[PDB]
Amino acid sequence: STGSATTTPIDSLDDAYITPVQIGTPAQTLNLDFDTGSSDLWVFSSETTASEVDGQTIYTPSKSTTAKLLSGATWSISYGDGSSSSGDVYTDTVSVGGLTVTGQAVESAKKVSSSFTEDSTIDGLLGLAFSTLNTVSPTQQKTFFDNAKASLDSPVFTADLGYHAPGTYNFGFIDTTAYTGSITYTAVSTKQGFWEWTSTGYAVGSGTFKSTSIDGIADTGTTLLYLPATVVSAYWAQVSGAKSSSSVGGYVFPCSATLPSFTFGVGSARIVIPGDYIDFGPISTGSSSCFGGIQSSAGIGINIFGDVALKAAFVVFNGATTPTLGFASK
C-alpha cells in the first residue's frame with residue numbers, strides 16, 4: 001500500500017509546512033507538522049487547557065468510536081526555554097493520504113508551550129525520526145512510519161517541499177517524475193535516533209567547493225539551515241553589509257542585497273540552494289534589515305539541514321533495515 005499527501009507552507013516565509021491527517025472514526029482532520037527531527041505524534045485536543053488553545057483544530061477522543069485510552073501512559077517533550085508540552089495517550093486509527101494505520105499512539109496534549117499556542121495554523125506534530133526518541137512512558141510507542149512499514153510497498157517515504165508553494169509527502173513509493181537526474185544515497189547513523197548523515201562539503205556562490213565532512217541531521221521540522229561557524233562565516237562574508245547581531249540572535253543582512261547560492265555535497269553529487277531561499281525577510285515590520293536563512297549551529301550542538309536545505313531537493317527517507325538518505329535535484 002502507499003499514501004500521498006500535499007503539504008502547504010503556513011505563511012509567506014515557509015516557516016513550517018502542514019499536512020492534513022485523518023484521526024479517528026469518523027475522521028477528524030487535523031493539520032500536522034511532519035517532523036523528521038522528533039518521534040511523537042501529539043495533537044491539540046479536548047483535554048488541552050482551554051486558555052492554551054487559540055484557533056487550533058482539536059482532536060476529541062470521546063467522539064471517536066475507535067479511540068482507546070492507553071491506561072497510565074503519559075508523554076512529555078522538552079523545548080528551548082524550559083517550556084514543555086505533555087499529556088496522556090490514546091490509540092486510534094490514523095490515515096495520511098489514503099494510507100491507514102490502526103492502533104497508532106495519538107498523544108493528547110494537556111498543556112502546550114506558548115510557542116505552539118501562538119501558532120494557530122499547526123494542530124500538532126507527526127514525528128518521523130526513529131522510534132527510540134518517542135517520549136511515551138512507561139511503554140515507548142512506535143512512530144506512524146514504523147507502524148506503516150510492513151504494509152508499505154517499499155519501506156520509504158519522500159519529502160518534496162515547495163518554495164513558497166505546496167509540496168508532497170509520499171509513503172511507500174518513489175515518484176520518478178518528481179526529480180531530475182539520479183538519486184544519490186548516503187549512509188545514515190541512527191545512534192542518536194535522528195536521520196543523521198555526513199555532507200561532503202560546501203561552496204558559496206560560484207566559489208571553489210570545499211571538501212570537508214559536515215555531520216548533521218535531515219530535519220523537516222526545523223526552518224533554517226544550521227552549520228558550523230566557519231562555514232556560516234564564509235557564506236555571509238560574501239554578502240555586503242551582513243553581520244552577526246546579538247540583539248537579533250544571528251546573521252542579518254541589508255534587505256536590498258542579493259544573496260549568493262549555497263551548495264552542499266551529497267557523496268559526489270551537489271545540491272544547490274538558490275540565494276532567494278536564504279532570505280527570511282525583515283526582522284521587524286518596516287525594517288531594512290533582513291534575517292538570514294543560514295545560521296551558526298555553535299549554540300545548538302548539532303548541525304541541522306532544515307527546510308531551507310531540504311526544499312532544494314527531492315529527499316528519500318529509506319527506512320530499510322540499513323537506513324539511507326537519498327538526494328536528487330528537482
# chains A, B, ... in the order shown; residues from 1 in each chain; ligands from 1

call {"tool": "select_by_dssp", "arguments": {"residues": "range 38-133 of chain A", "states": "strand (DSSP E or B)", "output": "compact mmCIF listing (two decimals) with N, CA and C atoms, in the first residue's frame"}}
result
# COMPACT_ATOMS: atom_id res chain seq x y z
N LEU A 41 3.70 11.66 17.94
CA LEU A 41 2.52 12.16 17.27
C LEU A 41 1.63 12.76 18.35
N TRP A 42 1.65 14.08 18.48
CA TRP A 42 0.86 14.74 19.51
C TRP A 42 0.00 15.82 18.88
N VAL A 43 -1.17 16.05 19.48
CA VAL A 43 -2.20 16.90 18.90
C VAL A 43 -2.83 17.76 19.99
N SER A 45 -6.12 18.91 21.72
CA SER A 45 -7.25 18.03 21.95
C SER A 45 -8.27 18.69 22.86
N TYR A 59 -8.49 17.49 18.57
CA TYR A 59 -8.91 16.10 18.49
C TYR A 59 -9.76 15.76 19.70
N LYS A 68 -8.98 4.52 22.14
CA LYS A 68 -8.81 3.77 23.39
C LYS A 68 -7.78 4.48 24.25
N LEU A 69 -8.15 4.82 25.48
CA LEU A 69 -7.18 5.38 26.42
C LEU A 69 -6.11 4.35 26.73
N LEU A 70 -4.85 4.76 26.63
CA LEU A 70 -3.73 3.89 26.96
C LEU A 70 -3.46 4.07 28.45
N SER A 71 -3.96 3.13 29.25
CA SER A 71 -4.01 3.30 30.70
C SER A 71 -2.64 3.59 31.29
N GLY A 72 -2.54 4.72 32.00
CA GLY A 72 -1.33 5.06 32.72
C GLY A 72 -0.20 5.62 31.90
N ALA A 73 -0.35 5.70 30.58
CA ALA A 73 0.71 6.23 29.73
C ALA A 73 0.67 7.76 29.70
N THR A 74 1.84 8.37 29.80
CA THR A 74 2.00 9.82 29.70
C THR A 74 3.14 10.12 28.74
N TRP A 75 3.22 11.38 28.32
CA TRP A 75 4.29 11.82 27.44
C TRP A 75 4.69 13.23 27.82
N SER A 76 5.95 13.55 27.55
CA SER A 76 6.47 14.88 27.87
C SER A 76 7.62 15.18 26.92
N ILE A 77 7.54 16.30 26.21
CA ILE A 77 8.58 16.72 25.28
C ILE A 77 9.09 18.09 25.70
N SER A 78 10.41 18.24 25.75
CA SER A 78 11.06 19.42 26.29
C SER A 78 11.51 20.36 25.18
N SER A 84 7.45 23.06 27.93
CA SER A 84 7.20 21.66 27.62
C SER A 84 5.73 21.46 27.26
N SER A 85 5.50 20.54 26.32
CA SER A 85 4.17 20.05 26.01
C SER A 85 4.05 18.61 26.52
N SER A 86 2.90 18.28 27.09
CA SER A 86 2.74 17.00 27.76
C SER A 86 1.27 16.64 27.84
N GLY A 87 1.01 15.36 28.08
CA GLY A 87 -0.36 14.90 28.23
C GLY A 87 -0.44 13.39 28.37
N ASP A 88 -1.62 12.86 28.07
CA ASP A 88 -1.88 11.43 28.11
C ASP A 88 -1.96 10.89 26.68
N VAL A 89 -2.23 9.59 26.56
CA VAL A 89 -2.05 8.86 25.31
C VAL A 89 -3.31 8.06 25.00
N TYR A 90 -3.77 8.15 23.75
CA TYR A 90 -4.79 7.26 23.21
C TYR A 90 -4.20 6.48 22.05
N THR A 91 -4.85 5.38 21.70
CA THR A 91 -4.61 4.74 20.41
C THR A 91 -5.84 4.94 19.54
N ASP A 92 -5.61 5.12 18.24
CA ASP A 92 -6.71 5.39 17.32
C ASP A 92 -6.25 5.08 15.91
N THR A 93 -7.19 5.16 14.98
CA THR A 93 -6.87 4.99 13.57
C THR A 93 -6.38 6.32 12.99
N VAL A 94 -5.27 6.26 12.25
CA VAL A 94 -4.65 7.44 11.68
C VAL A 94 -4.39 7.17 10.20
N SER A 95 -4.83 8.09 9.34
CA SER A 95 -4.66 7.94 7.90
C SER A 95 -3.99 9.18 7.32
N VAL A 96 -3.01 8.95 6.44
CA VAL A 96 -2.30 10.01 5.75
C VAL A 96 -2.41 9.74 4.25
N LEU A 99 -3.31 6.19 3.26
CA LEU A 99 -2.58 5.15 3.98
C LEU A 99 -3.05 5.13 5.43
N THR A 100 -3.56 3.98 5.87
CA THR A 100 -4.23 3.87 7.16
C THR A 100 -3.45 2.97 8.11
N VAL A 101 -3.26 3.44 9.34
CA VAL A 101 -2.64 2.66 10.41
C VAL A 101 -3.65 2.57 11.55
N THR A 102 -3.88 1.35 12.03
CA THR A 102 -4.74 1.15 13.19
C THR A 102 -3.88 0.99 14.44
N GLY A 103 -4.43 1.42 15.57
CA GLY A 103 -3.71 1.32 16.83
C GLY A 103 -2.48 2.20 16.90
N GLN A 104 -2.53 3.38 16.28
CA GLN A 104 -1.43 4.32 16.37
C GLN A 104 -1.56 5.12 17.66
N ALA A 105 -0.45 5.29 18.36
CA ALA A 105 -0.44 6.11 19.56
C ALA A 105 -0.65 7.57 19.19
N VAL A 106 -1.74 8.16 19.67
CA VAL A 106 -2.04 9.57 19.47
C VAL A 106 -1.91 10.26 20.82
N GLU A 107 -0.91 11.12 20.95
CA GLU A 107 -0.60 11.73 22.24
C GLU A 107 -1.40 13.03 22.38
N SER A 108 -2.30 13.05 23.36
CA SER A 108 -3.22 14.16 23.55
C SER A 108 -2.58 15.18 24.49
N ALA A 109 -2.47 16.42 24.04
CA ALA A 109 -1.79 17.46 24.81
C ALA A 109 -2.70 17.97 25.92
N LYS A 110 -2.22 17.90 27.16
CA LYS A 110 -2.91 18.51 28.29
C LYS A 110 -2.43 19.94 28.52
N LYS A 111 -1.14 20.20 28.32
CA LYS A 111 -0.62 21.56 28.28
C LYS A 111 0.43 21.65 27.19
N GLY A 124 -0.70 20.16 15.57
CA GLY A 124 0.09 19.13 16.20
C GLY A 124 1.26 18.75 15.32
N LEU A 125 2.02 17.77 15.80
CA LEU A 125 3.20 17.26 15.12
C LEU A 125 3.04 15.78 14.83
N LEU A 126 3.65 15.33 13.73
CA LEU A 126 3.76 13.92 13.40
C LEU A 126 5.24 13.60 13.25
N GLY A 127 5.80 12.90 14.23
CA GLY A 127 7.23 12.63 14.23
C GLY A 127 7.60 11.50 13.29

call {"tool": "closest_residue", "arguments": {"among": "A:112, A:317, A:229, A:13", "to": "residue 128 in chain A", "atoms": "only C-alpha atoms"}}
result
A:317

call {"tool": "closest_atom_pairs", "arguments": {"of": "range 188-223 of chain A", "to": "range 147-165 of chain A", "cutoff": "12 Å", "atoms": "only C-alpha atoms", "output": "CSV"}}
result
residue,atom,partner,partner_atom,distance
A:218,CA,A:159,CA,10.6
A:219,CA,A:159,CA,10.6
A:220,CA,A:159,CA,8.3
A:221,CA,A:161,CA,11.7
A:223,CA,A:161,CA,11.6

call {"tool": "residues_around", "arguments": {"residues": "range 79-83 of chain A", "least_positions_apart": "4", "cutoff": "12 Å", "atoms": "only C-alpha atoms", "output": "PyMOL selection string"}}
result
chain A and resi 38+111-116+299-300

call {"tool": "write_last_selection", "arguments": {"atoms": "N, CA and C atoms", "output": "compact mmCIF listing (two decimals), in the first residue's frame"}}
result
# COMPACT_ATOMS: atom_id res chain seq x y z
N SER A 38 11.78 14.51 15.31
CA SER A 38 11.20 14.04 16.56
C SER A 38 10.38 12.79 16.25
N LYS A 111 -1.14 20.20 28.32
CA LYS A 111 -0.62 21.56 28.28
C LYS A 111 0.43 21.65 27.19
N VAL A 112 0.48 22.81 26.52
CA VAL A 112 1.45 23.08 25.46
C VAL A 112 2.18 24.37 25.78
N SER A 113 3.41 24.48 25.28
CA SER A 113 4.16 25.72 25.45
C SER A 113 3.52 26.85 24.64
N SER A 114 3.80 28.08 25.07
CA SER A 114 3.17 29.24 24.46
C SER A 114 3.49 29.36 22.98
N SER A 115 4.66 28.87 22.55
CA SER A 115 5.04 28.99 21.15
C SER A 115 4.08 28.24 20.24
N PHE A 116 3.55 27.10 20.70
CA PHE A 116 2.53 26.40 19.92
C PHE A 116 1.19 27.11 19.98
N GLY A 299 25.67 27.27 19.11
CA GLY A 299 24.86 27.16 20.31
C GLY A 299 23.96 25.94 20.35
N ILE A 300 23.70 25.31 19.20
CA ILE A 300 22.75 24.21 19.12
C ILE A 300 23.41 22.89 19.52

call {"tool": "residues_around", "arguments": {"residues": "residue 53 in chain A", "least_positions_apart": "3", "cutoff": "10 Å", "atoms": "only C-alpha atoms", "output": "ChimeraX atom specification"}}
result
/A:44-46,48-50,56-58,111-112,114,116-120,123

call {"tool": "select_by_dssp", "arguments": {"residues": "range 113-142 of chain A", "states": "helix (DSSP H, G or I)", "output": "PDB file with N, CA and C atoms, in the first residue's frame"}}
result
ATOM      1  N   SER A 114       3.800  28.080  25.073  1.00  0.00           N
ATOM      2  CA  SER A 114       3.166  29.244  24.464  1.00  0.00           C
ATOM      3  C   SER A 114       3.488  29.358  22.979  1.00  0.00           C
ATOM      4  N   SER A 115       4.658  28.872  22.555  1.00  0.00           N
ATOM      5  CA  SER A 115       5.043  28.990  21.150  1.00  0.00           C
ATOM      6  C   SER A 115       4.076  28.239  20.237  1.00  0.00           C
ATOM      7  N   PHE A 116       3.550  27.098  20.697  1.00  0.00           N
ATOM      8  CA  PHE A 116       2.533  26.396  19.916  1.00  0.00           C
ATOM      9  C   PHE A 116       1.189  27.111  19.980  1.00  0.00           C
ATOM     10  N   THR A 117       0.826  27.643  21.151  1.00  0.00           N
ATOM     11  CA  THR A 117      -0.433  28.374  21.269  1.00  0.00           C
ATOM     12  C   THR A 117      -0.478  29.553  20.299  1.00  0.00           C
ATOM     13  N   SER A 131      12.034   5.506  16.320  1.00  0.00           N
ATOM     14  CA  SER A 131      11.120   5.349  17.450  1.00  0.00           C
ATOM     15  C   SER A 131      11.816   5.388  18.804  1.00  0.00           C
ATOM     16  N   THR A 132      13.139   5.223  18.853  1.00  0.00           N
ATOM     17  CA  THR A 132      13.829   5.285  20.136  1.00  0.00           C
ATOM     18  C   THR A 132      13.753   6.662  20.787  1.00  0.00           C
ATOM     19  N   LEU A 133      13.339   7.698  20.055  1.00  0.00           N
ATOM     20  CA  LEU A 133      13.175   9.029  20.627  1.00  0.00           C
ATOM     21  C   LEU A 133      11.773   9.284  21.167  1.00  0.00           C
TER      22      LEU A 133
END

call {"tool": "residues_around", "arguments": {"residues": "range 198-200 of chain A", "least_positions_apart": "4", "cutoff": "8 Å", "atoms": "only C-alpha atoms", "output": "ChimeraX atom specification"}}
result
/A:186-187,211-216,264-268

call {"tool": "closest_residue", "arguments": {"among": "A:167, A:97, A:140, A:305", "to": "residue 22 in chain A", "atoms": "only C-alpha atoms"}}
result
A:97

call {"tool": "closest_residue", "arguments": {"among": "A:239, A:63, A:262, A:170", "to": "residue 208 in chain A", "atoms": "only C-alpha atoms"}}
result
A:262

call {"tool": "residues_around", "arguments": {"residues": "residue 330 in chain A", "least_positions_apart": "3", "cutoff": "10 Å", "atoms": "only C-alpha atoms", "output": "MDAnalysis selection string"}}
result
chainID A and resid 160 177:181 271 311:315 327

call {"tool": "closest_residue", "arguments": {"among": "A:138, A:54, A:247, A:143", "to": "residue 35 in chain A", "atoms": "only C-alpha atoms"}}
result
A:143

call {"tool": "residues_around", "arguments": {"residues": "residue 189 in chain A", "least_positions_apart": "4", "cutoff": "12 Å", "atoms": "only C-alpha atoms", "output": "list in words"}}
result
residues 129, 130, 193, 194, 195, 196, 197, 198, 215, 216, 217, 218, 319, 321, 322, 323, 324 and 325 of chain A
